[PDB]
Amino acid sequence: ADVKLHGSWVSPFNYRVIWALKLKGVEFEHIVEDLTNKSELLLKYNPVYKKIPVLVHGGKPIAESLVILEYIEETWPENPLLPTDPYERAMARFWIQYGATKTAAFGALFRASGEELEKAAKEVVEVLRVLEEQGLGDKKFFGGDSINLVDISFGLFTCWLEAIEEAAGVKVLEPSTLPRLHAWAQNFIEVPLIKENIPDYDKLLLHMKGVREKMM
């Protein structure tokens, strides 16, 4: 194939790219990298971060999942994943950047214990509540009646967050506390494109248990 994806069977950032390519109907070869022994192609294609995902189109590389997503949207414009109105597009980019900035709040879930881990989980619930109230509102998806780049960017809050919660022994995304966001997470996971393209939960839980063990 003319499109290659240097990926992973577990990274949520790689899954954002898989979803976008499948939504566009773009054929691609998935090259699963071993992060303990990175290939010559990965280091050549992404010299700045040496990380996956890396999309390679016509032999030219695009690194960083958020940059890859906008490249896919611009390259294959059919089945749009962003709105046409500039203000609506700015709101979508604003929420995507908000999610990208709050990564440190989720890290604390694998670094804190007891009366400190409860506080870290409460801080994550408040991050999600802002997203729920000001971002999702009463829509079925962040993209309205169907998923868009904003839903894709927040997909890591579904099975990956469920695995983090089970590995850390704390609750974050619950129906009592975040009713609309919890209903969104269920609806997103049930979209056939997402359902057919997510890691096996038991394998993902084992991976998150290892990451928590390393982060202590």
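The numbering used is simple: start at 1 and walk along the sequence shown. Rigid core (definition): largest C-alpha set, two forms, superposition within 1.5 Å.
*Asks:* Rigid core superposed, root mean square over structures and residues, which stretch has C-alphas farther from this form in 6 other deposited structures of this protein, 125-133 or 97-105?
*Replies:* Greater root mean square C-alpha distance in 6 other deposited structures of this protein: 97-105.
*Asks:* Mind pulling up the entry and telling me whether 71-79 or 97-105 has the higher mean Cα temperature factor?
*Replies:* The stretch with the larger average C-alpha B-factor is 97-105.
*Asks:* For the higher mean C-alpha B factor in the entry, choose 47-55 or 30-38.
*Replies:* In the deposited entry, the stretch with the higher C-alpha B-factor mean is 30-38.
*Asks:* For the listed residues 128, 90, 136, 121, which one has the largest C-alpha B-factor as given in the deposited model?
*Replies:* The C-alpha B-factor peaks, among 128, 90, 136, 121, at 121.
*Asks:* If you rank the chain by CA B-factor, which third does residue 61 end up in: lowest, middle or highest?
*Replies:* Its C-alpha B-factor belongs to the middle third of this chain's values.
*Asks:* Using the B-factors in the PDB entry, rank residue 159's C-alpha atom against the chain and give the third, lowest, middle or highest.
*Replies:* It belongs to the middle third of the chain when residues are ordered by C-alpha B-factor.
*Asks:* Tell me, lowest, middle or highest third: where does the Cα B factor of residue 198 rank within its chain?
*Replies:* Tercile = middle for this residue's CA B-factor.
*Asks:* Of the three thirds of its chain by CA temperature factor, lowest, middle or highest, which one includes residue 170?
*Replies:* Highest third of the chain for residue 170's C-alpha B-factor.
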